[PDB]
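Down below is the structure, laid out as structure tokens.
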Amino acid sequence: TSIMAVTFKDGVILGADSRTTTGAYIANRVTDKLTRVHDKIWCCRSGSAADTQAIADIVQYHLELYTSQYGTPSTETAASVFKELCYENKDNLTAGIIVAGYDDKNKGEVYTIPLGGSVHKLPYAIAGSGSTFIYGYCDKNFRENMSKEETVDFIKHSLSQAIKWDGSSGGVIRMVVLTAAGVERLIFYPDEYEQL
Amino acid sequence: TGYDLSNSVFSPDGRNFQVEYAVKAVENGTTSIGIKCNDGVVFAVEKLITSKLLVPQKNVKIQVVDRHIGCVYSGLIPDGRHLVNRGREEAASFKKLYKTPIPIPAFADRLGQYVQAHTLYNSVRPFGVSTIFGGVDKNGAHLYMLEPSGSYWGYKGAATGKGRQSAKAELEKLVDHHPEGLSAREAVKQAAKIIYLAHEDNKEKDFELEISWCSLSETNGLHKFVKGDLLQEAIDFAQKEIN
Amino acid sequence: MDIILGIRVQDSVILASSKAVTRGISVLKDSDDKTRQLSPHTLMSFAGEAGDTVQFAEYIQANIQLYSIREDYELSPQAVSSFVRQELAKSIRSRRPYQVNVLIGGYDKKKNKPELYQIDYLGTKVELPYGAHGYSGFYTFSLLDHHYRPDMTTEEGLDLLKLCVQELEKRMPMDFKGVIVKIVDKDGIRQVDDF
Amino acid sequence: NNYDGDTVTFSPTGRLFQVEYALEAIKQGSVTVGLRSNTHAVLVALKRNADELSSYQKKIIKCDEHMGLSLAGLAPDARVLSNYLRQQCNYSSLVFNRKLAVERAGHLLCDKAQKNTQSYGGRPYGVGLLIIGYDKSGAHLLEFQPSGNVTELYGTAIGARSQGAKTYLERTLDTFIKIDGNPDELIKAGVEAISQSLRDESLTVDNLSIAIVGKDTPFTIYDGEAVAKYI
Amino acid sequence: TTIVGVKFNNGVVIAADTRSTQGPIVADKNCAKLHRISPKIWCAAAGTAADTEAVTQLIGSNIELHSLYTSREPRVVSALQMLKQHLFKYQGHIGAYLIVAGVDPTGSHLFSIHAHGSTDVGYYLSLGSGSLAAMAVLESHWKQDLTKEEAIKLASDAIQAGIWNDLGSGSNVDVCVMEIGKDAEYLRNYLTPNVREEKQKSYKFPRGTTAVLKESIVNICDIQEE
Amino acid sequence: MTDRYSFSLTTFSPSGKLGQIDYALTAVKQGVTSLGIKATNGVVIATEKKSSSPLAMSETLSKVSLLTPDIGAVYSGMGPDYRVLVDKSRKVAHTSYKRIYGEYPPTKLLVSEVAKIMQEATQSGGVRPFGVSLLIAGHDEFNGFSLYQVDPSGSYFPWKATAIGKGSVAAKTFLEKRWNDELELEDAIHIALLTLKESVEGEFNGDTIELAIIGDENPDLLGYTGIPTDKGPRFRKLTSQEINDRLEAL
Amino acid sequence: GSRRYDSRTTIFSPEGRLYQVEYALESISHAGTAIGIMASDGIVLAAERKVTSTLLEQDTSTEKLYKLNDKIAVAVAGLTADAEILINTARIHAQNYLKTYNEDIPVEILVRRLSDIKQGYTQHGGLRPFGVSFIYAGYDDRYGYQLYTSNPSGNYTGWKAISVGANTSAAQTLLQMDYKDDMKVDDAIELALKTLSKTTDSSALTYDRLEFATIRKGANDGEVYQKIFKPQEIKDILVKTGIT
Amino acid sequence: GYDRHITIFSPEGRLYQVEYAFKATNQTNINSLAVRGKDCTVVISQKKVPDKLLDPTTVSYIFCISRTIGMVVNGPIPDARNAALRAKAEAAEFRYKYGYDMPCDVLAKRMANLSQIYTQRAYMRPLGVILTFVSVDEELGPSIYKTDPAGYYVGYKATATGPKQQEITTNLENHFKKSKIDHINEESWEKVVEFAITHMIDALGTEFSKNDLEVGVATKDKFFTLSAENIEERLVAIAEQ
Amino acid sequence: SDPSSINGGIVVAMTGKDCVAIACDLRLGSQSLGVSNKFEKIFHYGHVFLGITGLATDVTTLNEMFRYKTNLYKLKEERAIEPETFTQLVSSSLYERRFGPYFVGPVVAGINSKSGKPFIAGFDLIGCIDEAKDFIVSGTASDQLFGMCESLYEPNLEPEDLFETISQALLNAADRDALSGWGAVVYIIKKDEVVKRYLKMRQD
Ligand SMILES: [Cl-]
Ligand SMILES: [Mg+2]
Ligand SMILES: [Mg+2]
Ligand SMILES: [Mg+2]
Ligand SMILES: [Mg+2]
């Protein structure tokens, strides 16, 4: 798995590969690891697919009930609910979740929640097995307040390398763009990103 | 008859007489008020000096919930404390799960549902307090008032206790004369005046004024008590207006 | 506990049970009676883990004595053995199982017949003409298979039992310090004091 | 009348009769006085005997090294509430290495008494308490009523004929507050106060009970020949 | 076990082989691995056979009650959500691996679900010890906009690949077709390519060959009158 | 915030009457008429859809409910009490029978379970009895067709034909004259419509009458093909058009 | 609180009677009469159905006579629904005993168990008692044929012949007059039906109104057979005994 | 006479506490109305702010239960909010468990079953409210389902609730007797709101300003409430024809 | 150590023309030690026959359990349980102990009294149903029985031919298993008569 979320001028973009493996067998080659917990709060999932799906479903329930009572939750609130589940059930979970969202007040925000259940607010975040290979690349090439096209290129190139070196990662590069304008899905196929 | 002997029993009118009897305990209590201002709220209360032996400034009636919400009440003081203790538990669990401090409308419903639950069963007594509370959240200033039935609404000004009619009239003048709004420092002065004017209903014993406030500019959106020179300035203003 | 034998003859059931109690290095006692009278015509001998054996036997004894008083009636050996089996079968899936093997020798006063039941710690019940638990059967069953007849007298049953004990005393490595022998018949339970 | 069968029922005028009946038990109880200066706080209690063969019922209970109370009303309820105070004082010390504030002790007693007034099956506490203490903000005196109302005071009295002592303290207020660094004179003022509530009986050696706490004084009770000095 | 699911134009098809095995021994040569959850929601099952039957019947039962409560025909997403939350709670100890397919008022659906509670979406799926053999066929011949006839063909070919190449799979092909606006058609033993040849010899014994000790009539009737 | 009613609210009065059960039966008497008739090859259950307003959509309110594929129920009395009993009856058919035996319960045993739930509301702490009488029609392989009545007490009786609620005394007399042991299902439906016309004041048509049958197996209503042993539900609710057709031959 | 509404079902009157038990017995006195008669070679259970309608499906109906196991049956008087709760408990107790001891439950042990359950409802729980009286007819190898009765108090007693429900005073006198110890099942059948025919509040005793059962040790080869009589068989025995 | 204090049968077979809960329903003196369009469901309710000290934005008896479901309440606000919070919780739980949005009619049934429990169990009182649920359901289309303190519920073509419900009901009955259809044949929700307000004016015989009304609108995939300025636009259009 | 092979034993069931057969050995052991030669493993509840192999305490416990349940079934239903219904009861009962199972291999055999149709079924220890047309095998020599049955069996055998086939299947399977044998029993079941036959076999 290779996943990342990146803040930019207009908001935030989540990116992910599409490969799911059981040992060396690719159980699913068209996986969707970008999952919606609210209209403009999404997450990237890494670790146990059962655990991260179970968690995300519970969060989506909590934010739906939050919205019924108190109106739209902040991205910080969504990250907090994720953290509460991950931290309090750390002994029985294997989950590495990046939370990304768009407010109009706060704009694009990214929170990463690693194995322990700690929270870390960052300008961008990388995670999953394939992320190890692009720490160097991402640190050298990330800038703050990039345009939409620059940020798509940054994610595309980054995950292209993560896919190249990590056997656990592969397939299509899915992306989800979060801005004031709305929610845009993007997909990029092997023949496109491999030649970069 | 017998419909008023047990809580949660509908009379043939459709009324819960035990809740209406709790209101009588509220009406018997000292006067308390709330004023919504431009960027915050001001709370004030009448404290009856039963005797010279009461230590001045010590028997504090206004209570803070979290760091941004003030609560004041009239009626049975222990019932009010019990309600604030619950409010603090609700505000703590909200912040624990959702990180952000509890919004004031959210907090208002937490108290409301709890108070309402005490009108559902014969094994409990309704709350013998009306609670005026509020503060500053992300959406600005909010002032609420909550009754023994569990009913609450948002207010521009709020008043309860023995001198409530007097206070309400004074609050209605401020609303008419200041449509653009009232400043925090003005609201402190006006709160002092209103408690002094409302003290004609409890004129036998002398009293002690207690004021608190949350304001985005004056207190950084945190609840604080009005102390020292600012309190004395408000007492002087109030004393000048009655004479 | 080590050796417990049982043999059902024409008109009685004979139970033979070892006298030794060993705690690791030393033989602490050489006169231990590994049996409880459950009712006037029902005897249970037992062998297994220390503590559990006696605790179980006395617990069964109390329950059958309670039944006797409540109904003013002695349960049949079959009924007693079924009750005992269920308790052991209940025990095996517990937090800490009773490790106890039993033989139940009884005389059914209604049918006028001796009856011997073999029940292991798992709750495995079998009605038999002769039975044993542990390694006791390995040495003795070949002799019992050979000599046993259903119409034997009590004296013939005791002589066949002596042959079984002699074979045990010859070929077993452990010194079990002889056996206490008890006979269950129409007149009740009695101990053979010289064996 | 119809609304006094249990604590859960308000009357038509908004009164809780069971609480008021519990309040009545305090008025029947023997007089006890509390008063303080800036340095010390004093409890003085008139103990009551059953007859001439009997002992005098103890009125003062120690809660910690820096806090304690006097009772008036049902003594077993004072034992329940004082035991609760002992535990809360003890919890504060063990967990936070912190002596429990006297104001916070009053808040805890208020909330414990309140729960008994709002639920079915329970009854209000039938006792009034005068808590004295010396904490990080100096000397303190509290008055606890089983309605839940707790009140911080310079001086007070509860029990039968307590109004006489309470009027005296109201006159003497300006004098006794200034008795700093002189424990004997503060006790004298407390003994003179409780004397205003006596009729027929007078203060004897096994009748009187005095307690004191202060700046360099742990909460200590004086009974028997230890109070002969003040008679 | 080999089980597959294949989406097509106006619905979804599932298929399965018919071999159940204990270790290397074949217990049932004509086992039914296709289960009805509701009339138009079926699933193909692999893993521990008791667990698959139990979890299908439990969710099927709760789905039926839900359908009666809501006055609505059951949805595949409801069967999926109930299956996954149950399986997740039991942390993989209920060894059920299912391909869940069906039609409902929302449309046609195809999901997989694993024992630990993870779910998956696809146009073609395979599960079981023959899943790699089946998926090879599916990856070679699947296309978008398959007809009903093409999907049945592809699905049964994928099961055959499992039958012939996987030792854990064998015997026959069961198929179920769930088309929008139609009754689901369960095709039990759709293919039968493994009929045993006639034996060389009859092993019927002469009567009286077996030695008997005792005969008796067994009373199966209740206690009689008179 | 306690449930302090751990004691019976239904008790024996000096005369031996269980007051709350009697008062529940009085509530059933005020309820709208419903009936049941058993034929040789089926059972019919029927009632009036007493619409509380013309703006209400009376199709959304189902007085006749499927409990299992071969069992149906209708009531007289308090509708909300009926609705929750149907929910409990459907669930108990699964939990205490289908999940054990892999088949739906026979009519008499499902009735027994419903009866048990109603008995418990007559003796348990802090509850009143259910204010309904149920008529449960059903089929099973070994008992054939059957019709049962269930009262607030928990008592149940099997009937050839009966009626409950408003005009039950008159309706039962009407059914005694018409019923015989050689009725076909169509004859029973005809008799059901004749009986029900007497207790209805206003409009009498397929939109104001609710009627269902337990009859032949309906493989068209099963929803799937391929299993020979599953032949489809015997319960069928008649449509508004199907009722109006039979009202012309009335 | 809730105390206000509590009837207090488990208290003594000033006279030392249990109010609710006494009122439950009054309820039972209005129920259809049930008669049990014990003979040397069997037991008869006869009982009168209460509701008469021509439209009641009699052949599939059961309000009076229930089977507890193969050896024991009961005749019910009182609330049928209350009886079914207890009957199912007794059925379970019988099977629990059979599982434990591998022998059919002795009649008295079953009767005591049910009677103890009834007793509990009179001493604790604040619930109304069961408005049911049972006649137990059974057989075991210890005491042979046995008749018992239990009532809402939880008291039980053994009988040679007994009635419960309506007109028990009249019924018990008639039984006491014509019962003898050497009596046989065929004679006891005739006595039971003659007694009901005289005590009935109805104009005449007919087959559609009766439930009838016999426990005989007159099964093939020394076994015990319970026989719940069918409607046609009740009609035949009414003609045989000369009542219709 | 304790059969009037708790929910047990009176000798007439009546539950007086249920009947008195229905009377509490009209304690607010507010009338509500709900109607269905082609693509929408509109609910209107009177808004009365008697005190000048009240914040009028916080005075509401319309609730957003889920995205698709709205709920208007006739009855005291504490019981209204009790029902609102529960309906929100039930709608969220349903979506989590069964994987699709709770239908309006199913929520109504659930809340009705909860209300039925309070009529049978003694320790719980009935809530003194009538709940009118509205949505555009994905299977059934525009939907109105109403619940009361008896535990009764039913679907509606249109409905009215309050002190003057009969006058509004008969007005609506007469309109649908003319048109001979189950809905307001109108494309835009704006005009369906204009119909709802117009027919309330005719039935009640009173004129409305922007602050005297409160409006809720259900469309496909969202329910929302109109602001005072959105209502003012509605009132201008009514007056201009 | 393995609970299913401590005591030993086998059951086989077959169908024929208008009949079923079920058969079992009579051995109970404690591993190598032969304990009883009279431990019957086939029981019946009305006209439904249940064979049970595996751990002997659970064999006895389940027999007592299904007797209990079928007795209560009969009292409530007013009819004897059928093979199809009983098979579902066995499955339900085993699966309710999913994570602490009875160590058994049950086999159901009988004829449906209404349809007259021959029925057999088998289960694993947690209740998975194998509903075979032809035959069902169970126990410590199940492999041996699978081998015998697969070659000896042919469909629609008459009762007296089916007796020979099932007997020879059991006997020769048991003689290749250390933990089975010590006698054998064969039930031939027709719609309204059942014959029980004890077989003569080697006693080692
Ligand atoms: Cl519900
Ligand atoms: Mg790769
Ligand atoms: Mg109630
Ligand atoms: Mg061998
Ligand atoms: Mg050998």
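Going by the structure tokens order, chains are called A, B, ..., each with residues numbered from 1, while ligands are numbered from 1 in the order shown.
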query = Mind listing the residues within 6 Å of ligand 3, only C-alpha atoms and all ligand atoms counted, as a count of residues only?
reply = 10
request  = Would you kindly return, as number ranges by chain, each protein, DNA or RNA residue with an atom no farther than 7 Å from any atom of residue 116 of chain B, considering only C-alpha atoms and excluding same-chain residues fewer than 2 positions away?
outcome  = B: 112-114, 118-119, 149-150; H: 78
message = Among segment 6-154 of chain A, which residues does DSSP mark as strand (DSSP E) when it is run on the backbone? Keep the chain and numbering as in the structure and answer as a VMD selection string.
response = chain A and resid 6 to 8 11 to 16 20 to 22 25 to 28 34 to 38 41 to 47 95 to 102 108 to 113 120 to 122 124 to 127
Once you have the residues from the selection above, write them out as a PDB file, in the first residue's frame, restricted to C-alpha atoms.
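What follows is the written file again.pdb:
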ATOM      1  CA  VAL A   6      -1.275  16.702   0.478  1.00  0.00           C
ATOM      2  CA  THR A   7      -2.564  20.198   1.344  1.00  0.00           C
ATOM      3  CA  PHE A   8      -2.357  22.895  -1.326  1.00  0.00           C
ATOM      4  CA  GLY A  11      -7.584  22.636  -0.341  1.00  0.00           C
ATOM      5  CA  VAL A  12      -6.292  19.044  -0.091  1.00  0.00           C
ATOM      6  CA  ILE A  13      -5.751  15.963  -2.304  1.00  0.00           C
ATOM      7  CA  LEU A  14      -5.741  12.336  -1.148  1.00  0.00           C
ATOM      8  CA  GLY A  15      -3.869   9.761  -3.234  1.00  0.00           C
ATOM      9  CA  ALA A  16      -3.557   5.969  -3.159  1.00  0.00           C
ATOM     10  CA  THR A  20      -4.435  -5.519  -1.928  1.00  0.00           C
ATOM     11  CA  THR A  21      -2.366  -8.638  -1.268  1.00  0.00           C
ATOM     12  CA  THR A  22      -2.662 -11.871   0.684  1.00  0.00           C
ATOM     13  CA  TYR A  25      -1.219 -13.098  -4.349  1.00  0.00           C
ATOM     14  CA  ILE A  26      -2.943  -9.849  -5.341  1.00  0.00           C
ATOM     15  CA  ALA A  27      -6.425 -10.399  -3.883  1.00  0.00           C
ATOM     16  CA  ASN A  28      -7.737  -7.149  -5.361  1.00  0.00           C
ATOM     17  CA  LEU A  34      -9.814   6.476  -0.361  1.00  0.00           C
ATOM     18  CA  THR A  35     -12.974   6.312   1.720  1.00  0.00           C
ATOM     19  CA  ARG A  36     -15.491   8.919   2.671  1.00  0.00           C
ATOM     20  CA  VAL A  37     -16.426   9.611   6.294  1.00  0.00           C
ATOM     21  CA  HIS A  38     -18.165  12.929   5.501  1.00  0.00           C
ATOM     22  CA  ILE A  41     -13.634  14.532   5.092  1.00  0.00           C
ATOM     23  CA  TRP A  42     -12.022  11.454   3.569  1.00  0.00           C
ATOM     24  CA  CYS A  43      -9.272   9.099   4.645  1.00  0.00           C
ATOM     25  CA  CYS A  44      -6.538   6.899   3.227  1.00  0.00           C
ATOM     26  CA  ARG A  45      -6.441   3.363   4.633  1.00  0.00           C
ATOM     27  CA  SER A  46      -3.396   1.186   5.378  1.00  0.00           C
ATOM     28  CA  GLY A  47      -2.932  -1.967   7.480  1.00  0.00           C
ATOM     29  CA  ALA A  95      -4.465   0.465  11.257  1.00  0.00           C
ATOM     30  CA  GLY A  96      -2.497   3.348   9.727  1.00  0.00           C
ATOM     31  CA  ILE A  97      -4.937   6.043   8.653  1.00  0.00           C
ATOM     32  CA  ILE A  98      -4.380   9.464   7.078  1.00  0.00           C
ATOM     33  CA  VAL A  99      -7.358  11.831   7.572  1.00  0.00           C
ATOM     34  CA  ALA A 100      -7.796  14.677   5.068  1.00  0.00           C
ATOM     35  CA  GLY A 101     -10.544  17.301   4.819  1.00  0.00           C
ATOM     36  CA  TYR A 102     -11.717  20.720   3.616  1.00  0.00           C
ATOM     37  CA  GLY A 108      -7.115  22.008   3.562  1.00  0.00           C
ATOM     38  CA  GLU A 109      -5.965  19.990   6.615  1.00  0.00           C
ATOM     39  CA  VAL A 110      -4.107  16.650   6.909  1.00  0.00           C
ATOM     40  CA  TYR A 111      -3.796  14.431  10.021  1.00  0.00           C
ATOM     41  CA  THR A 112      -1.873  11.131  10.174  1.00  0.00           C
ATOM     42  CA  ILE A 113      -2.696   8.425  12.703  1.00  0.00           C
ATOM     43  CA  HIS A 120       0.062  14.382  13.928  1.00  0.00           C
ATOM     44  CA  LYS A 121      -1.178  17.414  11.978  1.00  0.00           C
ATOM     45  CA  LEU A 122       1.041  17.891   8.903  1.00  0.00           C
ATOM     46  CA  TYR A 124       1.381  16.459   3.875  1.00  0.00           C
ATOM     47  CA  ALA A 125       1.520  12.831   4.994  1.00  0.00           C
ATOM     48  CA  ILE A 126       2.713   9.548   3.492  1.00  0.00           C
ATOM     49  CA  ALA A 127       1.949   6.031   4.754  1.00  0.00           C
TER      50      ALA A 127
END
inquiry  = I'd like the interatomic distance between atom CA of residue 105 of chain I and atom CA of residue 101 of chain F, to a tenth of an Å.
reply    =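 Separation of atom CA of residue 105 of chain I and atom CA of residue 101 of chain F: 19.4 Å.
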query = So which bits of segment 54-134 of chain H end up helix (DSSP H, G or I) when you DSSP the backbone, as a ChimeraX atom specification?
reply = /H:56-58,77-98,104-120
inquiry  = Set the distance at 9 Å and use only C-alpha atoms: which residues neighbour segment 228-230 of chain B once local chain neighbours fewer than 4 positions away are removed? I'd like the list as a list in words.
reply    =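 Within the cut-off, the hits are residues 185, 188, 234 and 235 of chain B.
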query = Of the residues B:129, B:124, B:35, B:106, which is the one nearest to chain D, using only C-alpha atoms?
reply = B:124
request  = Using only C-alpha atoms, determine which residues lie at most 7 Å from residue 120 of chain C, disregarding the query and same-chain residues fewer than 4 positions distant; provide the list as a PyMOL selection string.
outcome  = chain C and resi 100-102+124
Take the selection from the previous step and output its residues with C-alpha atoms, as a PDB file, in the first residue's frame.
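Final output, part33.pdb:
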ATOM      1  CA  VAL C 100     -11.521 -38.834  39.229  1.00  0.00           C
ATOM      2  CA  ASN C 101     -12.244 -42.377  38.027  1.00  0.00           C
ATOM      3  CA  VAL C 102     -14.888 -44.470  39.827  1.00  0.00           C
ATOM      4  CA  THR C 124     -17.559 -42.625  30.084  1.00  0.00           C
TER       5      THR C 124
END
task = Could you list the residues in chain G lying within 8 Å of chain C, using only C-alpha atoms, and format the result as a count of residues only?
result = 4
Rows by chain and residue number, chain A within 8 Å of ligand 2, shortest pair, only C-alpha atoms and all ligand atoms, as a tab-separated table:
residue	atom	partner	partner_atom_place_in_ligand_line	distance
A:162	CA	ligand 2	1 (Mg)	7.9
A:163	CA	ligand 2	1 (Mg)	4.5
A:164	CA	ligand 2	1 (Mg)	5.1
A:165	CA	ligand 2	1 (Mg)	6.3
A:166	CA	ligand 2	1 (Mg)	5.3
A:167	CA	ligand 2	1 (Mg)	4.3
A:168	CA	ligand 2	1 (Mg)	6.4
A:169	CA	ligand 2	1 (Mg)	5.0
A:170	CA	ligand 2	1 (Mg)	4.4
A:171	CA	ligand 2	1 (Mg)	7.5
Surrounding residues of residue 98 of chain H excluding itself and chain neighbours under 4 positions, 10 Å, only C-alpha atoms, as a PDB file with C-alpha atoms, in the first residue's frame:
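Saved file result.pdb follows:
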ATOM      1  CA  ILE E  63     -32.780 -10.070   6.450  1.00  0.00           C
ATOM      2  CA  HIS E  66     -35.930  -6.729   8.266  1.00  0.00           C
ATOM      3  CA  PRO E  74     -33.986  -6.777   0.905  1.00  0.00           C
ATOM      4  CA  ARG E  75     -30.810  -5.092  -0.365  1.00  0.00           C
ATOM      5  CA  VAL E  76     -27.438  -6.711  -1.018  1.00  0.00           C
ATOM      6  CA  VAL E  77     -25.652  -3.910   0.903  1.00  0.00           C
ATOM      7  CA  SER E  78     -27.729  -4.841   3.987  1.00  0.00           C
ATOM      8  CA  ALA E  79     -26.735  -8.529   3.724  1.00  0.00           C
ATOM      9  CA  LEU E  80     -23.128  -7.364   3.221  1.00  0.00           C
ATOM     10  CA  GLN E  81     -23.155  -4.959   6.197  1.00  0.00           C
ATOM     11  CA  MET E  82     -24.719  -7.550   8.543  1.00  0.00           C
TER      12      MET E  82
ATOM     13  CA  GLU H  93     -27.788   3.479  13.848  1.00  0.00           C
ATOM     14  CA  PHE H  94     -29.963   2.137  10.980  1.00  0.00           C
ATOM     15  CA  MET H 102     -33.432   4.961   6.949  1.00  0.00           C
TER      16      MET H 102
END
key: Check: which chain D residues lie within 10 Å of chain G using only C-alpha atoms, as a list in words   =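 Taking only C-alpha atoms into account, residues 5, 6, 7, 8, 9, 119, 120 and 121 of chain D sit within 10 Å of chain G.
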Selection above as a file: N, CA and C atoms, as a compact mmCIF listing (two decimals), in the first residue's frame:
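After the write, out-v2.txt holds the following:
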# COMPACT_ATOMS: atom_id res chain seq x y z
N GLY D 5 -45.25 12.49 52.17
CA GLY D 5 -45.05 11.04 52.26
C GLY D 5 -43.67 10.57 51.83
N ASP D 6 -43.00 11.37 51.00
CA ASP D 6 -41.66 11.06 50.51
C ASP D 6 -40.94 12.31 50.00
N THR D 7 -39.62 12.19 49.85
CA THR D 7 -38.76 13.32 49.48
C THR D 7 -38.89 13.74 48.02
N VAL D 8 -39.39 12.84 47.18
CA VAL D 8 -39.52 13.07 45.75
C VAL D 8 -40.67 14.02 45.35
N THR D 9 -41.53 14.40 46.31
CA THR D 9 -42.76 15.17 46.03
C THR D 9 -42.70 16.64 46.50
N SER D 119 -34.30 11.66 44.75
CA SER D 119 -34.59 10.28 44.35
C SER D 119 -35.53 9.59 45.32
N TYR D 120 -36.26 8.62 44.78
CA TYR D 120 -37.24 7.86 45.55
C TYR D 120 -36.55 6.81 46.41
N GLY D 121 -37.15 6.53 47.57
CA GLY D 121 -36.69 5.48 48.47
C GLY D 121 -35.76 5.99 49.56
task = Compare E:155, E:32, E:103, E:68 by their minimum atom-to-atom distance to ligand 1, counting only C-alpha atoms and all ligand atoms, and give me the closest one.
result =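 That would be E:68, the residue with the smallest distance to ligand 1.
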ask   = Any idea what's packed within 12 Å of residue 52 of chain G, counting only C-alpha atoms, ignoring anything in its chain fewer than 2 positions away? Could you give it as a list in words?
value =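 Non-adjacent residues within range: residues 157 and 159 of chain F; 32, 48, 49, 50, 54, 55, 56, 57, 58, 202, 203, 204, 205, 206, 207, 208, 209 and 210 of chain G.
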request  = Specify as a PyMOL selection string all residues of chain B found within 10 Å of chain H, counting only C-alpha atoms.
outcome  = chain B and resi 1-16+35+105+109+112-117+119-123+142-145+147+149-159+168-169+171-176
ask   = Can you tell me which residues sit at most 12 Å away from ligand 5, counting only C-alpha atoms and all ligand atoms, written as a list in words?
value = residues 27, 28, 29, 31, 32, 33, 34, 35, 37, 174, 175, 176, 177, 178, 179, 180, 181, 182, 202, 203 and 204 of chain I
query = Do you know which residues are at most 9 Å from residue 61 of chain I counting only C-alpha atoms, after dropping those on the same chain fewer than 4 positions away, and could you put them as an MDAnalysis selection string?
reply = (chainID C and resid 86 89 123) or (chainID G and resid 99) or (chainID I and resid 56:57 65:66)
request  = Residues within 10 Å of ligand 1, counting only C-alpha atoms and all ligand atoms: report them as a list in words.
outcome  = residues 69 of chain E; 83, 84, 87 and 88 of chain F; 106, 107, 108, 109, 110, 111, 112, 113, 114, 115, 116 and 117 of chain H
inquiry  = Residues of chain G were defined as contacting chain E if any atom lay at most 8 Å from it, counting only C-alpha atoms; please report them as a list in words.
reply    =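 Those within range of chain E come out as residues 218, 219, 220, 223, 224, 225 and 227 of chain G.
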Written file, previous selection with N, CA and C atoms, as a CSV table (one decimal), in the first residue's frame:
chain,number,residue,atom,x,y,z
G,218,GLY,N,-53.1,-51.6,30.9
G,218,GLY,CA,-53.8,-52.6,30.1
G,218,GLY,C,-53.3,-52.2,28.7
G,219,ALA,N,-52.0,-52.1,28.5
G,219,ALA,CA,-51.4,-52.0,27.2
G,219,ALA,C,-50.8,-53.5,27.0
G,220,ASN,N,-50.5,-53.7,25.7
G,220,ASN,CA,-49.9,-55.0,25.3
G,220,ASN,C,-48.6,-55.3,26.2
G,223,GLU,N,-47.3,-52.7,29.9
G,223,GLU,CA,-46.9,-51.3,29.7
G,223,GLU,C,-48.1,-50.4,30.1
G,224,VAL,N,-47.9,-49.1,30.2
G,224,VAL,CA,-48.9,-48.2,30.5
G,224,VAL,C,-49.2,-47.3,29.4
G,225,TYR,N,-50.5,-47.2,29.0
G,225,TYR,CA,-51.0,-46.4,27.9
G,225,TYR,C,-51.9,-45.3,28.3
G,227,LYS,N,-54.5,-42.6,27.0
G,227,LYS,CA,-55.5,-42.5,25.9
G,227,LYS,C,-56.3,-41.2,26.1
